[PDB]
């Protein structure tokens, strides 16, 4: 049972298919139409069922041509309102019916952000995009909003004819809208069963450019050129992933580069990965986010977490798989560099939450907690650490990659728990039980804090970052003169990023140090979003007032939560910036993504 869903669970009935027909109305900021769910009974004498909804207006519910009775429960906060539907005939086990629900979303749907023309690149057209993971699909349409159920889907989306709709599906044609010649209808088919958190929709002035045999990059016109460059490794990454995980089953792999307020680095919507434009560094150095999303086509989209309590299964294995893709592209020493960095990030999260915090457990209990509130690097990096540890315990990456491929084949098209994974692990490594049985499973899976064992990391590419960081940390005033732009000559962009992360762990530094750093390195001029984020955190935590406008601007000119939340928090913790941070949030909040608006408010202890 899925503590985050209010719907009938899979033991009662399962949605097999969705046919969505909707119209996007930028005036009223609503999606309007019909969600026809083919539902299979899993019980004898099934007479009613419950769906998830969130701020939906239900117009009617039709089964075999007739309106049927339904009622909406009391809103249960971020869970929304359960909707009980009375079936007109009782269903036997395995019997399937179609339930046609007419509905309209609210302008305040937590799944959606509606952008005015001035919020887009082009300035002439508005824009809409969705983000359903974890539990926002219910705010677009009535569903069993739980990853324990997988369905296929078809859709027809009516939009102003000057715009383009895309979804997490194969494009199946466009036509003028028969009802309305100022409109176009775009068609979509997803033949592979998916959890409903993978439903996605974007509408805007989108253009496309081919960048691989099964990849087009979509964006507003202003970003297409840089995007085609930035993500040019996509096909080579997909070929590697296929080698590691088995056949890519989804057909197309397109990319969509969103406007700056998209809340996440990437989202692995099937057939159409959504990415932040803050990936656009000019040198492909942030493309590991693409390798990550690619990897979810196996770990998460094919084999899926049964409830959000088991999110690590999705994220940890994806980080594991993407670090392999990076290692295949650039070398094992690079794989180690990224893994060791990911340990640093785990250390950071644990210090931030605190070493006893229940959300520092690998497997968590989400009863009564908004998954967006509890979201952090933990399931990613503690998840990965477990896997990298097991890799080294069981005889190395080649051996563990056989397990990973077999694990994907075994649970393709299914939704599973941590016990399913662990059971299969023991099964595959039957001949190595004695080694597995030395693992402290209770602490790894269920204890808070850092894991009980640290894996072994190659240091080769990290040493230079550490050395330059330790020079700055151990420097006194009369050593500042010895730093010079030549210090960076031999560092890659990743190493620069890792130098900054090492240094930021020891923040604050003295203000004269941070001043000298800008004097000699000009970090203010770097466009790399990761590097600039860490440089700006270091400056604010080290109380440099000059950085305040830069950090405010970065927090607001884009909205990827990974950057926007810590920057607003740092700025709120700095007495010289506190009020301006609060007021800037208060000024921007109407125009932010609803989820990011919400969390930034909590983080700032405002309203």
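Numbering follows the first chain given and starts at 1.
Engineer: Which has higher Cα B-factors on average according to the PDB entry: 65-73 or 49-57?
Structural biologist: 65-73 has the higher mean C-alpha B-factor.
Engineer: On average, which has the higher Cα B-factor in the deposited entry, 266-274 or 169-177?
Structural biologist: Higher of the two, by average CA B-factor, is 169-177.
Engineer: Considering only 412, 119, 463, 288, which residue's Cα atom bears the greatest B-factor as recorded?
Structural biologist: Answer, based on the entry's C-alpha B-factors: 119.
Engineer: Between 17, 14, 588, 593, which one tops the list for Cα B-factor in this entry?
Structural biologist: Across 17, 14, 588, 593, the entry lists the biggest C-alpha B-factor for 588.
Engineer: If you rank every modelled residue in this chain by C-alpha B factor, which third holds residue 447: lowest, middle or highest?
Structural biologist: For residue 447, the deposited C-alpha B-factor lands in the highest third.
Engineer: Hey, what third does residue 183 fall into on Cα B-factor, ranked over its chain?
Structural biologist: Its C-alpha B-factor belongs to the highest third of this chain's values.
Engineer: For residue 35, does the deposited CA B-factor place it in the lowest, middle or highest third of the chain?
Structural biologist: Middle third of the chain for residue 35's C-alpha B-factor.
Engineer: Among the modelled residues of this chain, does the Cα B factor of residue 158 put it in the lowest, middle or highest third?
Structural biologist: For residue 158, the deposited C-alpha B-factor lands in the middle third.
Engineer: Among the modelled residues of its chain, does the C-alpha B-factor of residue 538 lie in the lowest, middle or highest third?
Structural biologist: For residue 538, whose C-alpha B-factor we compare with every modelled residue in the chain, the answer is the lowest third.
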